Every structure is written in structure tokens, then in C-alpha cells.
Amino acid sequence: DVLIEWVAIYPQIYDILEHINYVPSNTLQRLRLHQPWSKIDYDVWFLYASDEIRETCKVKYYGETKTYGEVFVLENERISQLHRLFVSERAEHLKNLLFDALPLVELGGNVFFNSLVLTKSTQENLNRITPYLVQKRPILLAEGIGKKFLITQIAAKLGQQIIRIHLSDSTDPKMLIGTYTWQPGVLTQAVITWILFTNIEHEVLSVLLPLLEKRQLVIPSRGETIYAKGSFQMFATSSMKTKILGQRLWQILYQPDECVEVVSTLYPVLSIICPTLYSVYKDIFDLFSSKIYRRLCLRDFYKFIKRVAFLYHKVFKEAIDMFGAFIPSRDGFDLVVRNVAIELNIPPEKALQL
Amino acid sequence: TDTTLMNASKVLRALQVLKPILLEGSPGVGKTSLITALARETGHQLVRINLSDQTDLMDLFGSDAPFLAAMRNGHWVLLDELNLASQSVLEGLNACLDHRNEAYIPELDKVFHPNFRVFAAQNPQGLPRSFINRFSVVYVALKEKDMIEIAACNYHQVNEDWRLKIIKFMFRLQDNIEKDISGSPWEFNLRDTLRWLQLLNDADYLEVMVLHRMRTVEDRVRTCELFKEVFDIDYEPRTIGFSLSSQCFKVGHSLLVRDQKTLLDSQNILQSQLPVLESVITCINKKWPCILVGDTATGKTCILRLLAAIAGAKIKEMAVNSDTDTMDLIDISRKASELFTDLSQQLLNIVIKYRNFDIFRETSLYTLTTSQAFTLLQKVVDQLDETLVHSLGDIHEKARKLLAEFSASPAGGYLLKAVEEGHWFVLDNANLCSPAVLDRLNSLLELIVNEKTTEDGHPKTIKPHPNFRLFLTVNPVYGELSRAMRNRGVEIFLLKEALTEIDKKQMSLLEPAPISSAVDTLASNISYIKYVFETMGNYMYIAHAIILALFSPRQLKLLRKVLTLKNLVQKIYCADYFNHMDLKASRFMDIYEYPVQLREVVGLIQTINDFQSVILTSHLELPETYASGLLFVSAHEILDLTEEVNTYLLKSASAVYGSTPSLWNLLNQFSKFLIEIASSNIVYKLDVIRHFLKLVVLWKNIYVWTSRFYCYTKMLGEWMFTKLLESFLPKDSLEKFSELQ
């Protein structure tokens, strides 16, 4: 109802509550229907023309008084004073106050209404990405911080399923839209029914601009742009800046806390033998730095924690001995073994050739 | 011409031997030197074979036909852009040059053109040394007095010495720009000279749209210096202004037919872009090739977006940088969806004018915005069930009766939609697509379009170009547009300024107000009137004068309608609608009428600023009206002060009823002379108004400076010593005060 009063005051939380269930009125459909793409057909006085048709039509009850048409100037300062007042936090408290006529009001960093947890630099990252994900511009993120996992668990905080297309430099427009001879399409399916793309940095750019410019696509064969009227936030990932999304998408930017994290994750790995294996990963990095065709990561240390967890039902020198098996010189395998036995106890070379 | 006749004499010498004639000439010309000679050649048809990339040999022998008809009927076959060929079509051309007749595979073995000489556009060099040694090559520069001779076809509405000045200016401009730092190739060709000459015939503008296209501001300063060196003037920039009325939106010696509005946009006026938004609007009116060139993220799509948004010219864009092809510019359900969309468009334009329709016709409209397309047949039922309905069903029932074939056999352009409709096309981001794609575009740049999706032997060029403007964005990040399309367009850079109200309105999503906050004039009026009547933060004379001098006459009526100093301005509003410009507007109309002038009364101080060369002619027709307004307002102040006159001056004015006054008459008669000078034909015919205002300040300064009566009277006598009645009243009051003195 009248909470569209504060319609564009806060972000589209109120527009989402409308998308649950809402109808028009005179000044209501005057107000909220001005979005970036529709077809009006209820009051097309607003878009019919700007001559004395639109320059002289009417407007019903603008401050509950009936001016004519240009009460936009009555309103495009009245809403701007509210947009100034909302620079003064408890803004979401005001939005929840404003919802006073009990839906799935999600909190978060600020608010919403739609595994991978942390209370760390990841909390500041979720702080840095609550804003634009509320504002629904296309976002990005710019190795090994779990940024794909960050977006994945962010979508898990939502009610959204991140179809994660790893677009590549050989991609056709198929999983974009599909080829017919009627094409089902994949990106068109997610536009139809949260989306994520990766390897965007290395045609496809034009398709991104069509999705990016406005929530609609160039379906060339079927001939219909798609009103993407849900939560179609087409988040991406690459660590560079060279694309049109550098103009188009609102770009956005502590590993040793992983020590606590697996301590959080694996309960019976509460020993810092875990952190000793993190130091073993550091020593593996120092041995790499015959040719380092691999990079020890927090994903890699998490997988080492996984194989150690598989062990710990039952020592584990063989475990990290597997964790450097990608080493094309057996001398280098022996050096990894020496580094490990330095991190471990005394020399079991018996295990080294079992 | 003369030299053109020498080149044509060379081509005549060339035709005396049976081979292909190649034009081995320096660039810039084009094949006009053979496009024209055919008219002076024995009825020889001009087969302008624009040989390009997407051009198969099957597009040159067919039969499984322009080159085929030229092999059949004898003609001049102008083969454009041989260097851009696919090297089996090149082989086919070599075979055609050979004496042996074509030995087709595809229908028959070979064809038996008594004298079909084929001329060859040896383009900017590539060609194979066998194709370029079986032909015959003909050599091809213009001259300055010869350029005046070519200008003589344009010197009807041209000051002829100013024509020689424009020609010498372009020549020495290129000759001086090709010797220093200023970056681009900087073409500056004779097509631009003829463009400026034919721009002159539709009355500063020449300098504006021939040196807005120097991007580095230092080079712009040097170009203005060269303009002073040649044209002998000072290139002070004529300030433009956004007059945005209903039937026309206009900026600075450029209007626009702002007629039916499609876009319904969401970007604002961007007032700092007003210095270049005009320079394309003129380019939108002269039907020149719009090139919103320049640099990235500065705002270029918003310029053309706002321009054809206010104009309503149905912007539609194609991002030609995807290595797109010439065929990309020029299956049941696709036609069904296009039918639904066009049905919606025609129903929209229907409900625009005769707003009476509803009935499942509104359900037909909802269906129109909604293969298994059998429901479209239901649409035709709605097309089944007046004369406006007849005009809609003319397209609709025809396309739907064709759509009855939606159970039949199938057989499954970009710009050719807009070139045949009335939309405005935006080749966006179009720096790096192809040279030849823009070459086939520039074939249509100078209109008739030769397609190949037609049937057999006929070109069928679509001449609907009225409201069809090639607006090409660019950026500097990729490679620049090629020198051909640079040499055949209106280059217009853009930059970044961020002025005060500009940055206030662009980033206004926090603040409360823009300045020009719509694309509808009845809103923009109340917007700017809410701004400048809030931007206001012996005084109020020049204030009230300039304030009631800058606001528009429609805005003057509006300020009266909206009824410290602004409160007293309502008295000035009543007194102005009494006597702001009673016959002063008659001088302005007649004074305004002799010079080229608008159709109505929209701008005043911009009109005062607008004849900026004319009032630099010393006529001062517009300026004297401005001072006359100050005379009237100051006069009203002096007269109300004198009605208040109806401490020593208080004593004299009382002694109308110390004793024996001399000051009161000395004031009251001169103030009567003032109000006489306010309201009368020679009062309109009165720079001397400044001298009268000197006395107006003088009567002010004496009513403040009210012993010294002798000297003050001698001063009033000097401003009289500075027409009969207006000093005659000072003569009476002064001789009376000197009878007292």
C-alpha cells in the first residue's frame, strides 16, 4: 500500500515486496512504474508524448491535490529530500519499520528479502559486497581467496542458485542462447527462470553488454527481449581489468586465519599439527621458491586437511607425502620428503618406498 | 573542368585499346572522374560494381546479375575496390579481362557485350601482379583558383570574397597543419570546403563546425589564431543555450524539429555537454554523417540518446566492433514475433491520436505483447472485428492473411530496416570492425542503397532516408576510423568539463533537484523557475531590472502566475505587464525583424546575447532596449520616490503646502521629466539612454545629497547640457530655482 511512499527511498527491497504482491493506483502507478523497461498500457499519458497531451494531461492527487502532469517537479524534489535524509546504520531499521503492514526479511550486512562461513577479512569482503548486491548492479571481484566460494556462500545466504558458467575463448552463443535448426539456451534459461560467470578476462562481450545494459537479451531468432524480473544479478570473476565491464560492472576488490578455519572446520584437528602442516605448505612454497607447475593454496591446504581428516579416523607422513606427488623429479619428491620430515618426526624412508 | 578534361583526355586515350582501365591516382578523389564522363559518352551505362569482401563469383556470373548484365549489355562497368576482393573473384575478373569468353560451369559451359569496356577503381594501395598487368592503368591534383571555379556552382548565397576566404582558409589550414605538432592524419579536404560553402547558404557557424574537430585545446587555440590570420576576426566562442520548447528544442544558431516520441529515456540534459550537443544537432539537421567521435566514458551514447530522445527519432544501435560483415548490416516464429511487435507499435500510434479504443482489443494488445503460434490466428480474429481501423488493418490484416501460411514451407537487414523505416541508427563502438564494412556504408553515405537481397537484375535502392541518420560513435582506445569515413563525415569530439549546475544535476541522486529535470517543457519551466528564483542569494534598481530582463516572456507570465525583493517584484510584474515593452517590443519586432529571427518570443537576454556579431556592428538595436528597461525601472523608482515627496527636502516638499521652497519644484519637475522619459515615439527612438540614466543616478544622488543647491543645480544643468521636452522641464525647474538663486 502506501509504503511505496518510501518506494525508491531505500533500495528495491520495497520493490521486491511489491513483486510478492502489488497492484496499481493513480499516483502509485504514476510512481513505481517508471522503471527502465516495461510497457505501460494503464496510464500511457506518461510515455504517449511530451506535447500538450503529456504536457497538459493531468495528475491525480499529487500531494493529495490534483495538479497536471508536471507534478513530477512536485515530486522530483520531494523524493530528493528523502534521498538526502537517508544519508543519516539504522537505515535498515527504518526500512523494517517501514514494512509495518512479516515476509522473509533477511538481515545480513544490511538487509535483504529473497557452508562457507567466516568472521574474518571475509566479513569485510561481505561488507564490501553487501552494497552493490543490494543495489543490483553487475558486480565483479579482482588468487586463491575463495572468491568463487565467497559468491557461492553469498548466494547460499540468498535463496539463489549460482549457475556458474565458465565462459571461455571458444564459446559459441549456445549456452548463451542456443542454436535452432527453438533453442533452450543456458544463459537465456537463467535469464528466463543469481548467475555467475568466470574466465571472463581471456560477440560474447556484445552479449554481456546486452544483458549488462538492461535486464534483457538479444534473442535474434525467437525475436523477444526477456524481462528478467527476478534476481538476475550476473556476477562475474577475474583478477585484471581489461573488459567493457570495467566500464559496465561495479568492480570491487588474510590467509593465515585459515589456521583457525580448519580448526573451526575439522573439530578433531584441534591440534596445531594442522598449523604445522600449514607451515609444511609454507616450506613446500620455499622449496618451490625443478619447475613449479603448481601453487600451494588455501584450497590446497584445505584438501590436505581433507586427506588428513580421512587419515584421522585411525603416522601421517605418507599423507603429505601424497601432497607433493605432483613433482616430476623423484629427487624433488625426496626433497619434499626431507622438508616434510623436518616438519614431522624422525626419518621413515621405509614409508618413502613402500 | 580544365584539368579534369585533361584526365578525361587520358581516359579517352586509354579506351583506344581493349583492356580494363585502371585509375592509378592519388587518394581523395573517388571515381567521379569516370562517374561523370559516361554522361558525356554516347549513352554508356554506369555499372558501378562495388566489389567487396562478401562477393562470390556466383554473385558475378549467377544464372544457376549486374556483372552478368554488363557482360550481356555493353556498359561502363565501374569495378569499385578491387583490392578488397576474395582472390578467386579476383581470378574471375582476370578471366573476364582475357579475350576468351567466360566458360561457366554452373548452368552452361560458357557465354558468347560488343564493347563492354570495364573500368577499374585502383583503390588506396595489394592487387595481384597478373591482374594489375593485364589491365591498363590511367594516372590522375586540384587547384585553388580551380577550387574557386568549383565553388562557383555554390556562390549564389555566398559573399564571393568570403567564399575566396573560406577556400584560402581551408587550403592554408591544411598546409600549415601538415608541418607541425598539431593527433590524427588531419585530412582537411575540398569536400569540407564545399560543405562549408553549402552550409553558408542557410542563414561563425563555419568556424564552429570546422574547428570543433580539433581535439587538443592547444591546437584549437592555434587554429583560432590561424582563423585570425586569414579571416581577420576574433573567434570568441558564441555561447549556446538550451531553449527547449514544445514544438522545437534549440541551441545556439541551431533548431530541431522536436515532433510520436519513442525512446522515453533516463539520462538528463547534461548542461556542460551543451557546447557540443548543439554541434551535432546542427549535424542532425544538415543531413551530414553524424560522428560522435572521441574518447571513452566521456558520455557519447548519452549525447545521441538525449538528442534523438528529445527529438523522438527512435534510436536503435548496432555494436559494429564484433568483426561483423557487410551482409550483417545489409523461422516462422521470427516473423510471428516481428508481427506481434509491429502490431503493438501500430496500435500504439493508433491510440495516440484517436484515443477511443478499448472489447478484447485491449486483450488483443496484451496478446500482442505476449512454433506454436496458433493464438496469432486469434489475433487475426481481432483484426477481423472504421476508417482508422481500416488504416491499421491495412498493414495488419495483410500481414495476418500472410500469417495464415503459418503451416507451410519455409526458406530460412540491420540498417535496411532503419533506412526504410524512420528510426535513427546508432553504429555504436564502431572503431574496429572492418575497413570494407564502413566502405559499403560510405557507398550509402553519399541517397540510393544498392542491396543484393533483391531478385534478379534490379538494384531497388531505398530512397526513404528522410529521418534516417547514420550516427557513429567511436573511441580512441581502439584504432581510429579509417581516413575514407573520416574524410566523408562530420567529426565531432567530446571531452569532460563538469560545470556547477551540470555536476549538480548529473550526480543529483543524492541532492534534491536538477536544473533541467525533464524532457517535457512544462516541467522544465517550473524546475528552472524554482531554481533561479532560489539562486538569488539604491540597490534593487539594477537587480529588478536585470532579473526582469533575463527571465523569458513566457517565464514572465509564469512569474506573475506564481504570485524580500522578489515580493516587491510582483509590483514590477504588474507594472511590466502594464509597460515592460509596449512599443519597445515594436522596435524589437521591427528591429528584430530586419535581421534573421526566430518565429516567436522565447528568449530575451539570449536574444541580447544572440545577435553578438550584429550588435558588434555598432547598431545596438538589442542593447538599447536593455538599457531602456533599466530606464523604465529606475524611472518607476524615482517616480514613486517623488510621489512620496508629494529633511530640508522634506521642508521644501512640505512647503508645497523654513519657507519659500525652491528644492521641491526643482525635484518634482525633473521627476516629471523622468516619468515623461519613461512612457512617446521618440522615447522609443531615444546610447543616449545611458546619458539620461546618468541624470537618473544624479537625481538619486541629489535626493540623497539633499547650501549646496547652487552647485547641485549646476550639476543638473551639466546633465542637461549633456529633443525638447525632457530637458525643457529641467530648464523650467532650474530657472525657477535660479530665480530663487
# chains A, B, ... in the order shown; residues from 1 in each chain; ligands from 1

$ interface_residues --of "chain B" --to "chain A" --cutoff "6 Å" --atoms "only C-alpha atoms" --output "ChimeraX atom specification"
/B:261,322,334,337,510-513,520,522-523

$ select_by_dssp --residues "stretch 134-279 of chain A" --states "strand (DSSP E)" --output "JSON, numbers by chain"
{"A": [163, 164, 165, 166, 195, 196, 197, 198, 234, 235, 236, 237]}

$ write_last_selection --atoms "C-alpha atoms" --output "short mmCIF file (atom, residue, chain, number, x, y, z; two decimals), in the first residue's frame"
data_model
loop_
_atom_site.label_atom_id
_atom_site.label_comp_id
_atom_site.auth_asym_id
_atom_site.auth_seq_id
_atom_site.Cartn_x
_atom_site.Cartn_y
_atom_site.Cartn_z
CA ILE A 163 24.69 -21.38 -12.18
CA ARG A 164 28.37 -20.86 -12.77
CA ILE A 165 29.17 -20.66 -16.47
CA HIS A 166 32.92 -20.73 -17.02
CA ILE A 195 24.09 -16.15 -12.22
CA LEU A 196 27.91 -16.32 -12.14
CA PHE A 197 30.49 -16.23 -14.87
CA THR A 198 34.19 -16.98 -14.80
CA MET A 234 25.03 -11.57 -13.24
CA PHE A 235 28.09 -11.59 -11.01
CA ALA A 236 31.43 -12.43 -12.57
CA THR A 237 35.03 -13.11 -11.60
#

$ residues_around --residues "residue A:17" --least-positions-apart "4" --cutoff "12 Å" --atoms "only C-alpha atoms" --output "MDAnalysis selection string"
chainID A and resid 1 3:4 7 11:13 21:23 95:96 98:105 112:114 230

$ write_last_selection --atoms "N, CA and C atoms" --output "PDB file, in the first residue's frame"
ATOM      1  N   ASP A   1       0.823  -1.200   0.000  1.00  0.00           N
ATOM      2  CA  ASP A   1       0.000   0.000   0.000  1.00  0.00           C
ATOM      3  C   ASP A   1       0.864   1.259   0.000  1.00  0.00           C
ATOM      4  N   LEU A   3       3.325   2.327   1.575  1.00  0.00           N
ATOM      5  CA  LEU A   3       4.761   2.249   1.814  1.00  0.00           C
ATOM      6  C   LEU A   3       5.563   2.414   0.537  1.00  0.00           C
ATOM      7  N   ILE A   4       4.899   2.392  -0.621  1.00  0.00           N
ATOM      8  CA  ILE A   4       5.535   2.825  -1.857  1.00  0.00           C
ATOM      9  C   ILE A   4       5.809   4.319  -1.820  1.00  0.00           C
ATOM     10  N   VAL A   7       9.170   4.326  -1.650  1.00  0.00           N
ATOM     11  CA  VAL A   7       9.465   3.291  -2.638  1.00  0.00           C
ATOM     12  C   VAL A   7      10.921   3.300  -3.069  1.00  0.00           C
ATOM     13  N   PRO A  11      16.508   0.952  -1.148  1.00  0.00           N
ATOM     14  CA  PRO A  11      16.600   0.204  -2.405  1.00  0.00           C
ATOM     15  C   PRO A  11      15.392  -0.672  -2.658  1.00  0.00           C
ATOM     16  N   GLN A  12      15.528  -1.574  -3.622  1.00  0.00           N
ATOM     17  CA  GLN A  12      14.392  -2.280  -4.201  1.00  0.00           C
ATOM     18  C   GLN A  12      13.828  -3.389  -3.320  1.00  0.00           C
ATOM     19  N   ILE A  13      14.208  -3.399  -2.038  1.00  0.00           N
ATOM     20  CA  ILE A  13      13.527  -4.205  -1.029  1.00  0.00           C
ATOM     21  C   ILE A  13      12.027  -3.951  -1.065  1.00  0.00           C
ATOM     22  N   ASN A  21       3.412  -9.201  -4.007  1.00  0.00           N
ATOM     23  CA  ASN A  21       2.026  -8.923  -4.376  1.00  0.00           C
ATOM     24  C   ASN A  21       1.797  -7.424  -4.333  1.00  0.00           C
ATOM     25  N   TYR A  22       1.465  -6.820  -5.476  1.00  0.00           N
ATOM     26  CA  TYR A  22       1.125  -5.402  -5.503  1.00  0.00           C
ATOM     27  C   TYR A  22       0.253  -5.103  -6.706  1.00  0.00           C
ATOM     28  N   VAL A  23      -0.470  -3.993  -6.613  1.00  0.00           N
ATOM     29  CA  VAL A  23      -1.371  -3.551  -7.670  1.00  0.00           C
ATOM     30  C   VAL A  23      -1.140  -2.069  -7.919  1.00  0.00           C
ATOM     31  N   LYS A  95      13.777   0.770   7.302  1.00  0.00           N
ATOM     32  CA  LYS A  95      13.096   0.008   6.261  1.00  0.00           C
ATOM     33  C   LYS A  95      12.208  -1.063   6.869  1.00  0.00           C
ATOM     34  N   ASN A  96      12.678  -1.698   7.933  1.00  0.00           N
ATOM     35  CA  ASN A  96      11.870  -2.690   8.617  1.00  0.00           C
ATOM     36  C   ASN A  96      10.742  -2.035   9.387  1.00  0.00           C
ATOM     37  N   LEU A  98       9.375   0.595   8.158  1.00  0.00           N
ATOM     38  CA  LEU A  98       8.515   0.997   7.063  1.00  0.00           C
ATOM     39  C   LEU A  98       7.707  -0.160   6.505  1.00  0.00           C
ATOM     40  N   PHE A  99       8.108  -1.394   6.762  1.00  0.00           N
ATOM     41  CA  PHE A  99       7.356  -2.532   6.261  1.00  0.00           C
ATOM     42  C   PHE A  99       6.193  -2.907   7.154  1.00  0.00           C
ATOM     43  N   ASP A 100       5.711  -1.988   7.979  1.00  0.00           N
ATOM     44  CA  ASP A 100       4.750  -2.159   9.062  1.00  0.00           C
ATOM     45  C   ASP A 100       3.358  -2.598   8.605  1.00  0.00           C
ATOM     46  N   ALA A 101       3.071  -2.875   7.344  1.00  0.00           N
ATOM     47  CA  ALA A 101       1.820  -3.526   7.003  1.00  0.00           C
ATOM     48  C   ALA A 101       2.106  -4.945   6.526  1.00  0.00           C
ATOM     49  N   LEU A 102       5.345  -9.092   7.285  1.00  0.00           N
ATOM     50  CA  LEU A 102       6.176 -10.003   8.053  1.00  0.00           C
ATOM     51  C   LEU A 102       6.796 -11.038   7.136  1.00  0.00           C
ATOM     52  N   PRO A 103       7.180 -10.608   5.945  1.00  0.00           N
ATOM     53  CA  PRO A 103       7.733 -11.549   4.964  1.00  0.00           C
ATOM     54  C   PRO A 103       9.148 -11.988   5.293  1.00  0.00           C
ATOM     55  N   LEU A 104       9.786 -12.687   4.359  1.00  0.00           N
ATOM     56  CA  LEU A 104      11.131 -13.203   4.574  1.00  0.00           C
ATOM     57  C   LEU A 104      12.153 -12.079   4.572  1.00  0.00           C
ATOM     58  N   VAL A 105      12.122 -11.259   5.619  1.00  0.00           N
ATOM     59  CA  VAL A 105      13.016 -10.122   5.760  1.00  0.00           C
ATOM     60  C   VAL A 105      14.369 -10.669   6.192  1.00  0.00           C
ATOM     61  N   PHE A 112      18.099  -7.947   3.423  1.00  0.00           N
ATOM     62  CA  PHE A 112      17.617  -8.476   2.151  1.00  0.00           C
ATOM     63  C   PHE A 112      16.189  -8.953   2.334  1.00  0.00           C
ATOM     64  N   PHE A 113      15.566  -9.307   1.220  1.00  0.00           N
ATOM     65  CA  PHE A 113      14.390 -10.166   1.279  1.00  0.00           C
ATOM     66  C   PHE A 113      14.376 -10.959  -0.021  1.00  0.00           C
ATOM     67  N   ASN A 114      15.020 -12.110   0.006  1.00  0.00           N
ATOM     68  CA  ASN A 114      14.988 -13.048  -1.103  1.00  0.00           C
ATOM     69  C   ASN A 114      14.263 -14.275  -0.570  1.00  0.00           C
ATOM     70  N   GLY A 230      13.461 -11.095 -11.890  1.00  0.00           N
ATOM     71  CA  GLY A 230      13.720 -11.683 -10.598  1.00  0.00           C
ATOM     72  C   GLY A 230      14.943 -11.107  -9.924  1.00  0.00           C
TER      73      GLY A 230
END

$ residues_around --residues "residue A:272" --least-positions-apart "5" --cutoff "9 Å" --atoms "only C-alpha atoms" --output "list in words"
residues 259, 263, 277 and 278 of chain A

$ select_by_dssp --residues "stretch 114-283 of chain A" --states "alpha helix (DSSP H)" --output "PyMOL selection string"
chain A and resi 121-135+147-157+187-192+204-213+245-248+258-265+273-283

$ atom_distance --atom1 "atom CA of residue B:517" --atom2 "atom CA of residue B:243"
13.7 Å

$ residues_around --residues "stretch 138-140 of chain A" --least-positions-apart "5" --cutoff "9 Å" --atoms "only C-alpha atoms" --output "ChimeraX atom specification"
/A:129,132-133,212,233-238,245,248-253

$ residues_around --residues "stretch 264-267 of chain A" --least-positions-apart "4" --cutoff "10 Å" --atoms "only C-alpha atoms" --output "VMD selection string"
chain A and resid 115 to 118 258 to 260 271 274 302 305 to 306 308 to 309

$ residues_around --residues "stretch 499-506 of chain B" --least-positions-apart "5" --cutoff "12 Å" --atoms "only C-alpha atoms" --output "PDB file with N, CA, C and O atoms, in the first residue's frame"
ATOM      1  N   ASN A  76      10.028  15.380  -7.816  1.00  0.00           N
ATOM      2  CA  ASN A  76      11.456  15.147  -8.004  1.00  0.00           C
ATOM      3  C   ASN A  76      12.279  16.193  -7.271  1.00  0.00           C
ATOM      4  O   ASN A  76      13.385  16.534  -7.696  1.00  0.00           O
ATOM      5  N   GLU A  77      11.719  16.747  -6.205  1.00  0.00           N
ATOM      6  CA  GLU A  77      12.495  17.340  -5.133  1.00  0.00           C
ATOM      7  C   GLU A  77      12.035  16.705  -3.827  1.00  0.00           C
ATOM      8  O   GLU A  77      12.831  16.535  -2.899  1.00  0.00           O
ATOM      9  N   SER A  80      13.794  13.795  -3.420  1.00  0.00           N
ATOM     10  CA  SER A  80      15.216  14.064  -3.254  1.00  0.00           C
ATOM     11  C   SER A  80      15.548  14.517  -1.841  1.00  0.00           C
ATOM     12  O   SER A  80      16.662  14.271  -1.367  1.00  0.00           O
TER      13      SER A  80
ATOM     14  N   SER B 266      16.195   7.989 -19.868  1.00  0.00           N
ATOM     15  CA  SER B 266      16.503   8.139 -18.451  1.00  0.00           C
ATOM     16  C   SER B 266      17.819   8.868 -18.172  1.00  0.00           C
ATOM     17  O   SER B 266      18.337   8.765 -17.053  1.00  0.00           O
ATOM     18  N   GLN B 267      18.392   9.568 -19.145  1.00  0.00           N
ATOM     19  CA  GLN B 267      19.545  10.425 -18.920  1.00  0.00           C
ATOM     20  C   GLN B 267      19.114  11.878 -19.056  1.00  0.00           C
ATOM     21  O   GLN B 267      18.198  12.192 -19.819  1.00  0.00           O
ATOM     22  N   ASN B 268      19.770  12.765 -18.309  1.00  0.00           N
ATOM     23  CA  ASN B 268      19.324  14.143 -18.161  1.00  0.00           C
ATOM     24  C   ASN B 268      20.018  15.056 -19.170  1.00  0.00           C
ATOM     25  O   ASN B 268      20.673  14.596 -20.108  1.00  0.00           O
ATOM     26  N   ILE B 269      19.875  16.370 -18.977  1.00  0.00           N
ATOM     27  CA  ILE B 269      20.220  17.329 -20.022  1.00  0.00           C
ATOM     28  C   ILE B 269      21.726  17.493 -20.185  1.00  0.00           C
ATOM     29  O   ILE B 269      22.195  17.742 -21.302  1.00  0.00           O
ATOM     30  N   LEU B 270      22.493  17.383 -19.091  1.00  0.00           N
ATOM     31  CA  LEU B 270      23.966  17.414 -19.061  1.00  0.00           C
ATOM     32  C   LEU B 270      24.513  18.713 -19.662  1.00  0.00           C
ATOM     33  O   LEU B 270      25.150  18.723 -20.714  1.00  0.00           O
ATOM     34  N   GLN B 271      24.239  19.803 -18.936  1.00  0.00           N
ATOM     35  CA  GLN B 271      24.375  21.161 -19.463  1.00  0.00           C
ATOM     36  C   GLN B 271      25.790  21.488 -19.904  1.00  0.00           C
ATOM     37  O   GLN B 271      25.980  22.284 -20.829  1.00  0.00           O
ATOM     38  N   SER B 272      26.787  20.877 -19.274  1.00  0.00           N
ATOM     39  CA  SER B 272      28.155  21.087 -19.705  1.00  0.00           C
ATOM     40  C   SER B 272      28.421  20.489 -21.075  1.00  0.00           C
ATOM     41  O   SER B 272      29.299  20.979 -21.789  1.00  0.00           O
ATOM     42  N   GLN B 273      27.662  19.470 -21.474  1.00  0.00           N
ATOM     43  CA  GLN B 273      27.749  18.953 -22.831  1.00  0.00           C
ATOM     44  C   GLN B 273      27.003  19.821 -23.829  1.00  0.00           C
ATOM     45  O   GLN B 273      27.016  19.498 -25.020  1.00  0.00           O
ATOM     46  N   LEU B 274      26.361  20.894 -23.363  1.00  0.00           N
ATOM     47  CA  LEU B 274      25.651  21.801 -24.254  1.00  0.00           C
ATOM     48  C   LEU B 274      26.543  22.459 -25.295  1.00  0.00           C
ATOM     49  O   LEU B 274      26.017  22.843 -26.353  1.00  0.00           O
ATOM     50  N   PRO B 275      27.850  22.600 -25.091  1.00  0.00           N
ATOM     51  CA  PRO B 275      28.675  23.206 -26.139  1.00  0.00           C
ATOM     52  C   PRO B 275      28.910  22.301 -27.313  1.00  0.00           C
ATOM     53  O   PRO B 275      29.279  22.789 -28.383  1.00  0.00           O
ATOM     54  N   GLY B 299      30.842  10.203 -22.149  1.00  0.00           N
ATOM     55  CA  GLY B 299      29.456  10.441 -22.453  1.00  0.00           C
ATOM     56  C   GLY B 299      29.366  10.704 -23.932  1.00  0.00           C
ATOM     57  O   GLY B 299      29.647  11.814 -24.384  1.00  0.00           O
ATOM     58  N   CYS B 302      25.033   8.999 -24.504  1.00  0.00           N
ATOM     59  CA  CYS B 302      24.022   9.854 -23.911  1.00  0.00           C
ATOM     60  C   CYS B 302      23.778  11.093 -24.752  1.00  0.00           C
ATOM     61  O   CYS B 302      22.676  11.633 -24.720  1.00  0.00           O
ATOM     62  N   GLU B 511      21.113  14.773  -4.141  1.00  0.00           N
ATOM     63  CA  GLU B 511      20.598  16.122  -3.945  1.00  0.00           C
ATOM     64  C   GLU B 511      19.119  16.168  -4.306  1.00  0.00           C
ATOM     65  O   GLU B 511      18.529  15.177  -4.749  1.00  0.00           O
ATOM     66  N   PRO B 512      18.471  17.324  -4.124  1.00  0.00           N
ATOM     67  CA  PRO B 512      17.009  17.373  -4.263  1.00  0.00           C
ATOM     68  C   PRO B 512      16.546  17.774  -5.645  1.00  0.00           C
ATOM     69  O   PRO B 512      15.381  17.580  -6.000  1.00  0.00           O
ATOM     70  N   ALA B 513      17.447  18.324  -6.440  1.00  0.00           N
ATOM     71  CA  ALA B 513      16.942  18.976  -7.602  1.00  0.00           C
ATOM     72  C   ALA B 513      17.949  18.965  -8.733  1.00  0.00           C
ATOM     73  O   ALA B 513      19.146  19.170  -8.490  1.00  0.00           O
ATOM     74  N   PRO B 514      17.510  18.712  -9.947  1.00  0.00           N
ATOM     75  CA  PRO B 514      18.311  19.114 -11.102  1.00  0.00           C
ATOM     76  C   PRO B 514      17.930  20.515 -11.518  1.00  0.00           C
ATOM     77  O   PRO B 514      17.137  21.170 -10.839  1.00  0.00           O
ATOM     78  N   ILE B 515      18.501  20.994 -12.610  1.00  0.00           N
ATOM     79  CA  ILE B 515      18.057  22.251 -13.183  1.00  0.00           C
ATOM     80  C   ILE B 515      17.014  21.961 -14.252  1.00  0.00           C
ATOM     81  O   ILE B 515      15.844  22.326 -14.111  1.00  0.00           O
ATOM     82  N   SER B 516      17.420  21.273 -15.311  1.00  0.00           N
ATOM     83  CA  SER B 516      16.517  20.919 -16.396  1.00  0.00           C
ATOM     84  C   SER B 516      16.112  19.464 -16.203  1.00  0.00           C
ATOM     85  O   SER B 516      16.656  18.550 -16.816  1.00  0.00           O
ATOM     86  N   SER B 517      15.108  19.255 -15.358  1.00  0.00           N
ATOM     87  CA  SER B 517      14.837  17.932 -14.813  1.00  0.00           C
ATOM     88  C   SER B 517      13.800  17.138 -15.600  1.00  0.00           C
ATOM     89  O   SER B 517      13.105  16.311 -15.000  1.00  0.00           O
ATOM     90  N   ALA B 518      13.684  17.337 -16.911  1.00  0.00           N
ATOM     91  CA  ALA B 518      12.790  16.510 -17.721  1.00  0.00           C
ATOM     92  C   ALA B 518      13.229  16.571 -19.179  1.00  0.00           C
ATOM     93  O   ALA B 518      14.329  17.030 -19.501  1.00  0.00           O
ATOM     94  N   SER B 527      10.793  23.797 -13.023  1.00  0.00           N
ATOM     95  CA  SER B 527      12.081  23.427 -12.446  1.00  0.00           C
ATOM     96  C   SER B 527      13.049  24.603 -12.425  1.00  0.00           C
ATOM     97  O   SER B 527      13.545  24.994 -11.364  1.00  0.00           O
ATOM     98  N   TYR B 528      13.337  25.175 -13.600  1.00  0.00           N
ATOM     99  CA  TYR B 528      14.285  26.283 -13.659  1.00  0.00           C
ATOM    100  C   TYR B 528      13.757  27.508 -12.931  1.00  0.00           C
ATOM    101  O   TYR B 528      14.542  28.268 -12.357  1.00  0.00           O
ATOM    102  N   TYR B 531      14.561  27.053  -9.539  1.00  0.00           N
ATOM    103  CA  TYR B 531      15.988  27.139  -9.268  1.00  0.00           C
ATOM    104  C   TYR B 531      16.455  28.583  -9.196  1.00  0.00           C
ATOM    105  O   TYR B 531      17.019  29.014  -8.188  1.00  0.00           O
ATOM    106  N   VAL B 532      16.245  29.344 -10.268  1.00  0.00           N
ATOM    107  CA  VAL B 532      16.853  30.664 -10.350  1.00  0.00           C
ATOM    108  C   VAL B 532      16.121  31.681  -9.503  1.00  0.00           C
ATOM    109  O   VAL B 532      16.718  32.679  -9.107  1.00  0.00           O
ATOM    110  N   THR B 535      18.139  30.740  -6.684  1.00  0.00           N
ATOM    111  CA  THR B 535      19.558  31.004  -6.845  1.00  0.00           C
ATOM    112  C   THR B 535      19.894  32.478  -6.695  1.00  0.00           C
ATOM    113  O   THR B 535      20.948  32.914  -7.170  1.00  0.00           O
TER     114      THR B 535
END

$ atom_distance --atom1 "atom CA of residue A:284" --atom2 "atom CA of residue A:344"
13.3 Å

$ atom_distance --atom1 "atom CA of residue A:229" --atom2 "atom CA of residue A:5"
21.7 Å
